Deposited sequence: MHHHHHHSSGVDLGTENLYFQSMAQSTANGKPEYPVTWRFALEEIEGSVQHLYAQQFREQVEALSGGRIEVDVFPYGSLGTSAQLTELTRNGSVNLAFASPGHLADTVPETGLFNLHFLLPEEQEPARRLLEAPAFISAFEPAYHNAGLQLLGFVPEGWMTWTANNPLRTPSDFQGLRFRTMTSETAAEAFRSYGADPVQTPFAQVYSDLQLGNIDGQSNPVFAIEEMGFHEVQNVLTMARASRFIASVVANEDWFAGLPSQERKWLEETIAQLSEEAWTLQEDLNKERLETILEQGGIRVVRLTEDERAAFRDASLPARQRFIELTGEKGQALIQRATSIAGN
């Protein structure tokens, strides 16, 4: 029996590593009664439709791919919101009360939410350091494709664009775009470090991907397999924090081998200044999600 697991990312990514672990674990628990076919990006239309349609059972879904159906995921693109420290942040994402707050929004899009997975700190690149909001003024800056994510950088005085990834390398190179944001492994993979001079680490937000399932397939499962599914996802939460820290560190060393790229970690004072200036994205987020958005912000604040 076969479970089909689609990824938004290619081989080598955090999603792929996670999925490999999910495969090995589920096959060993199930005694071969369940086999898992992993479909990385390229090997195949939209993953969220395939999951709703039942064409695949399981998929990763990031806030960008969900923003028009599940706007609450915008929470994950808000700067300085989720706890910085890894353990509180892990606790939150794992909290049944936090997951459950999202479940209805996902159901509303015909999806079963199973959990959240970290892909790493978002990292900024440009051809100058980004130490104060003032450094963003007038900059065309490429953001996640979420209204909330756009507003975050608009708050610093940037002009946010959502240029298609395949075009970003050459637009960066030509100066059509001044910088972008992504986790370090994605930057290395796309080669943006070749056409940028400064990597700024503000630790403002993390890449958080959703694991979702077909709504009826999930519900039409033996309480045993649903435990194999749910307990494994639960286990892999902790290992995911470790996989991404390591993959991102490796990719950062690879980036530095290229040369011509400077690394800047913002001081607490500099971060505090961006926090102050980030607040308006929270307002736009609330306008878009109402009372549910408010409570999510409340749960993640304390």
| property | result |
| --- | --- |
| Deposited positions lacking CA coordinates | 1 to 35, 80 to 82, 341 to 344 |
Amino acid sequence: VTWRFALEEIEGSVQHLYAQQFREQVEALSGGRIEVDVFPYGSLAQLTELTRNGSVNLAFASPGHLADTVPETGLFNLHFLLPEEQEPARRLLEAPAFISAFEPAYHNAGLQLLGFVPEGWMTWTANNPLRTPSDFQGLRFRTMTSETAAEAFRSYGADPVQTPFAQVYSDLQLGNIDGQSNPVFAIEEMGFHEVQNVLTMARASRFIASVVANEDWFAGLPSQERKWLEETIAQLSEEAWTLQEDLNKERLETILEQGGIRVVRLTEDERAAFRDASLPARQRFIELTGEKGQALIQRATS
From here on, numbers count along this sequence of modelled residues.
item	value
Mean C-alpha B-factor comparison - 226 to 234 and 122 to 130, higher one	226 to 234
Per the entry, higher mean C-alpha B factor between 62 to 70 and 262 to 270	62 to 70
Peak C-alpha temperature factor (PDB record), options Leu50, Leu256, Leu243, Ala277	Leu50
Per the PDB entry, maximal CA B factor within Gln112, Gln167, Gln86, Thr143	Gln112
Chain third (lowest, middle, highest) by recorded CA B-factor, residue given as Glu147	middle
Assigned third (lowest, middle, highest) for the C-alpha B factor of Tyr106	highest
Chain thirds of CA B-factor: placement of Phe116	middle
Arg91 - which third its CA temperature factor falls in, relative to the rest of the chain	highest
Modelled-residue ranking by C-alpha temperature factor, third containing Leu172	lowest
